[PDB]
Each structure stands twice: as C-alpha cells, then as structure tokens.
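# just to be clear, this is only the beginning of the complex, oriented as in the whole thing:
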Amino acid sequence: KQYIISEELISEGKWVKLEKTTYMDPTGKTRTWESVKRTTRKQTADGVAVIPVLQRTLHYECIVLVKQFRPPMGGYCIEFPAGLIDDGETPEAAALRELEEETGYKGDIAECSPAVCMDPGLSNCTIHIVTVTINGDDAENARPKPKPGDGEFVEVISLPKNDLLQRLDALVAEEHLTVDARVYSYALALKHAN
C-alpha cells in the first residue's frame, strides 16, 4: 500500500547524507519524511554487530563488549563489537574480523541474522547480528591481541551472561556511560526468559 515516490538530497557529507523522502500514505495522500543514510553502502547491510560469547571451562560464560568514545554521543558507550562490512566481504567474515580487531579474540560463527534495522524512523542503517563463541581456553585466546584500525580506541569489558543486565546497570551507575540499545535489549531478554 505505502511506497517511496522520490527522494531529494538535502545534504551530503563524506560519510552521512540527509534526504527528504516523499512517500504515499495508505489513504492515497502524499507525505514527506526527513531521513538519514550512510554514503558507504554498496552488499547485505551497512555493518555487523557481534554477540561474542566467551566460554571458559570452570568460569561463568561472559558476553564480551567494548567501550569507546562516540563523537555523536559526546561520551563513552558500551556496545557489542561492531563495524562496517568492507566492499566484497561477507557478514560472517566482517564479524570475525571486527571481533579480532576490537577485542583480540578469535571466535567461531554460531549464527547470523538477516539484515536488521538500526533506527528505521531516522535512518536506513542495517546490520547483521552475528553470534560468535570464543573458546577462551584455546591458546590463541590466552592473551588476546586487539588490533585497532587508525583512529579506533577500544576498551574490552567482559561481563557474565547470567547477570548481564545487573552488571550493565552497575557500570552506568558508577562510570557515567551509555549502554547500547541492542546490548540492553539482549540483557533484558536474558532476564525475561522462561
């Protein structure tokens, strides 16, 4: 019933652009929506986000997260490891690559979501959510080597999966951080399950 008629470029940067989208509403009435898009998409989605399950025997299972300064937020955020998919890269490969660069961990793919939207009222940004296990007892993950790209400055924070939401709330209460909505949602459902 609803569909895009046209788009009008308002402003284009190097990495983001702002458009005015004209669309048909289900009554037959024409309407406008201010939308953001990345300039970098060519493949399945803009980015991957990695749910990294760190498994060590005789230890609680942890979810590995990253803390970074985020210029659009003006502050530090706690997030799933993540990045944009390179031209000609698969989402699985992007996930394992980003996880290694941001955490130094080498993991195995468990599952891969379809393209899911980040903020569909605002942008067309999509990611693949990629669940990865990390065998923390394997020699390669003994002393994990984070390989930042130029301009990345990433702290690794591993939290127990069993208490994830309480631990995130605690970091927020002490550290003045912002938790990512996908991280929080996952933490919530861990608590809400069964």
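Nice, thanks for sending it over. Numbering: from 1, shown residues only, chains lettered A, B, ... in the order given.

# residue A:188 and residue A:179, how far apart?
Separation of residue A:188 from residue A:179 (Cβ to Cβ, to the nearest Å): 11 Å. Using the backbone N, CA and C atoms, a C-beta is placed for each residue, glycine as well.

# quick one: contacts for the residue nearest the centre of chain A?
Geometric centre of chain A, nearest residue: residue A:49, 3.6 Å, by Cα atoms, centre = their mean. Residue A:49 makes contacts with A:79-82, A:127-130, A:182, as judged by Cβ atoms under 8 Å, 6 or more residues apart in numbering.

# out of those residues, who's nearest residue A:115?
residue A:128 (6.3 Å; Cβ to Cβ).

# surely the closest one is in a strand?
Yes - under DSSP: H, G, I helix; E, B strand; the rest coil, residue A:128 falls within a strand.

# and the residue nearest to the centre of chain A, that's in a strand?
Yes - per three-state DSSP, residue A:49 lies within a strand segment.

# that older thread, just the closest of the contacts of residue A:49 to residue A:88, please.
residue A:128 (15.3 Å).

# quick one: secondary structure of the residue located most distally from the centre of chain A?
No residue in chain A sits farther from the centre than residue A:28, which is 36.5 Å out by Cα atoms, centre = their mean. Here residue A:28 is coil, with the state taken from three-state DSSP.

# one step back: tell me the spacing between the residue nearest to the centre of chain A and residue A:158.
16 Å.

# just residue A:124 next, same as before
From residue A:124 to residue A:158 the distance is 32 Å (Cβ to Cβ).

# repeat for residue A:20
Taken as Cβ to Cβ, the span from residue A:20 to residue A:158 is 43 Å.

# the more surrounded of the two?
residue A:158 (18 against 13; other Cβ atoms under 10 Å).

# tell me what the host helix or strand of that one is packed against?
Using DSSP states H and E, residue A:158 maps to strand A:155-160. Helices and strands touching strand A:155-160, by 3 or more Cβ pairs under 8 Å, 6 or more residues apart in numbering; DSSP states H and E, are strand A:62-70, helix A:164-175.

# any chance of the ones you listed in CSV, with mean neighbour count and distance to residue A:55 too?
Shown next, in CSV, are these (neighbours: other Cβ atoms under 10 Å; distance: least, Cβ to Cβ, whole Å):
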stretch, mean neighbour count, distance to residue A:55
strand A:62-70, 20, 8
helix A:164-175, 15, 15
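
# of those, which is nearest residue A:144?
Per Cβ to Cβ, nearest to residue A:144 of these: strand A:62-70, 9.2 Å.

# whichever helix or strand comes after the closest one to helix A:164-175, inter-axis angle?
Toward the C-terminal end, the helix or strand that comes next after strand A:62-70 (DSSP H and E) is strand A:75-79. Angle of strand A:75-79 versus helix A:164-175, following axes from the mean of the first three to the mean of the last three Cα atoms, to 10 degrees, is 170 degrees.

# here's chain B, drop it on:
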Amino acid sequence: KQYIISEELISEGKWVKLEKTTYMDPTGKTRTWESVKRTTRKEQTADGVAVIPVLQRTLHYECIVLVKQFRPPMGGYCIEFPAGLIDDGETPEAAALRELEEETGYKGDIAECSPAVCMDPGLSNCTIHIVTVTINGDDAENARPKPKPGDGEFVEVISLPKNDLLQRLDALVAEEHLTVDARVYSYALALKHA
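Just below you will find chain B, in place on the chains above:
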C-alpha cells in the same frame, strides 16, 4: 580521555540535522566526525521510548506485542517494538504507556524502565528508554483493543509467543519483504540463548 571540542551545524532540517563534530582522540590529536541529531530533543532524558509489551492471559503463553509499519527511511515495512518520541514534559513511563495504547490499543502496566540507551552511537546521538510493560490481557479493557493512530500513523499489531519469538519472526521474514528491527532481533536472540 576523549571529549568534544566543537559541534558545527552542517545542515538543519525540520526534524533532523547533520553536524561536524570536532573531538580530541586519546593520543592528544584533534579529529572530526559527521554526526546526526534530532532537532526535537528539549529537556527529555532521551529522544524516545520503545516498549517491550508482555501480553499475559490466563491459559495462554506470554506474547511479545510488536508493530509493523511502513518506514520511509527504509523504503519498506519494519517490525518493531511499539515506540515514539517523548513529548515535552512527558515522563518516559507515561510516553511508553501512551504510545503502547496509541499503536496497539492495549492498556499496559509499567514493569521497568531502562536508563537512556543509544540507538546507533557511531551515527547519531539518539537515545531511548526501553520500558517493559505487562499487559493483563484478561482485563476487559484489553479485550478487543483498537489502536488510536495519530495523523499519518498506520500501524498493524503482531503478537508473537515469547517462547518461540525468533522462529516466528524468521517465518514472517521468509513470507514477505520486511525488516526486523535490531532491538527486537536482539531480544529474540537472548530468549533463544537463555
């Protein structure tokens, strides 16, 4: 270590703007970032709310109430938690219960309310509160719920069992062209992983 040096408007629409953010990196080097922000945020603790609406009924499995809407940024239909922007002076809880009633017809009860969480912190400053709400589907108020859509709102309600949420979303995605929201997928994934 890192902080914002300056924020330069690049282009301001009615609803969304693009800014050039100058910031200090942790090596002591000045860098820039293209950032998206809404123009609508006043004194609210966040831009918006998303509602995790748990529909409870005697002799029923618990459902998660979702909505399906055309999203002009995406050029297509998206399946999301019920959500909207917080009105000036409105609390996150009031916003959540109001949006839930507008979008689904259901009259909920507050369970919990997250801190402000970031939507896509590498792109925008946008934040939500994620508000968990239970819906007593045995109350006569919630018997034959009618959405009260606002001007230009066109919302379908989809309630799926919590105990099968990821597979049921996968089956909706296999049947038509639509995108599941990343927070919904994240929460469906945790329900599997727990």
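
# repeat for the contacts of residue A:49, accounting for chain B.
A:79-82, A:127-130, A:182, B:182 (Cβ atoms under 8 Å, 6 or more residues apart in numbering or on different chains).

# 10 Å instead, please
A:79-83, A:95, A:98, A:113, A:116, A:118, A:127-130, A:180, A:182-183, B:182, B:186 (Cβ atoms under 10 Å, 6 or more residues apart in numbering or on different chains).

# can you map out the strands along chain A?
Assigned by DSSP state E, chain A shows strands spanning A:3-12, A:16-24, A:30-38, A:47-55, A:62-70, A:75-79, A:82-84, A:108-112, A:116-117, A:126-135, A:155-160, A:178-179.

# out of those, indicate the one that is most buried.
strand A:116-117 (a mean of 28; mean count of other Cβ atoms under 10 Å in any protein chain shown).

# got the contact list for it?
By Cβ under 10 Å, 6+ apart, strand A:116-117 touches A:45, A:49, A:123-129, A:182, B:71, B:73-74, B:76, B:78-80, B:120, B:169, B:173, B:178-186.

# any idea how far residue A:188 is from residue B:111?
Taking Cβ to Cβ, one finds residue A:188 at 10 Å from residue B:111.

# what do those two both touch?
Contacts common to residue A:188 and residue B:111, judged by Cβ under 10 Å, 6+ apart, are B:52, B:132.

# chain center to the strand holding residue A:158: distance?
Averaging C-alpha positions (Cα atoms, centre = their mean, to the nearest Å) puts strand A:155-160 15 Å from its chain's average.

# one more: stretch A:123-141?
10 Å.

# skipping adjacent residues, who's closest to residue A:61 in space?
residue A:161 (4.6 Å; Cβ to Cβ, 6 or more residues apart in numbering or on different chains).

# and that neighbour, how many neighbours?
20 (other Cβ atoms under 10 Å in any protein chain shown).

# ok, it - contacts?
Counted by Cβ under 10 Å, 6+ apart, residue A:161 has contacts A:53-55, A:60-63, A:167, A:186-187, A:190, B:190, B:193-194.

# for residue A:68, same thing?
A:76-79, A:81-82, A:102, A:152-155, B:2, B:121-122.

# can you put those in CSV and add distance to residue B:138?
What follows is those, written out as CSV (distance: Cβ to Cβ, whole Å):
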residue, distance to residue B:138
A:76, 44
A:77, 40
A:78, 38
A:79, 39
A:81, 43
A:82, 41
A:102, 47
A:152, 51
A:153, 52
A:154, 48
A:155, 47
B:2, 51
B:121, 40
B:122, 44
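
# and which of the residues you listed is nearest residue B:37?
residue B:121 (12.0 Å).

# related to what we said a few turns ago, tell me what angle the strand holding residue A:158 forms with strand A:126-135.
Using the same axes, to 10 degrees: strand A:155-160 against strand A:126-135 is 70 degrees.

# and the angle from strand A:155-160 to strand A:62-70?
Using the same axes, to 10 degrees: strand A:155-160 against strand A:62-70 is 150 degrees.
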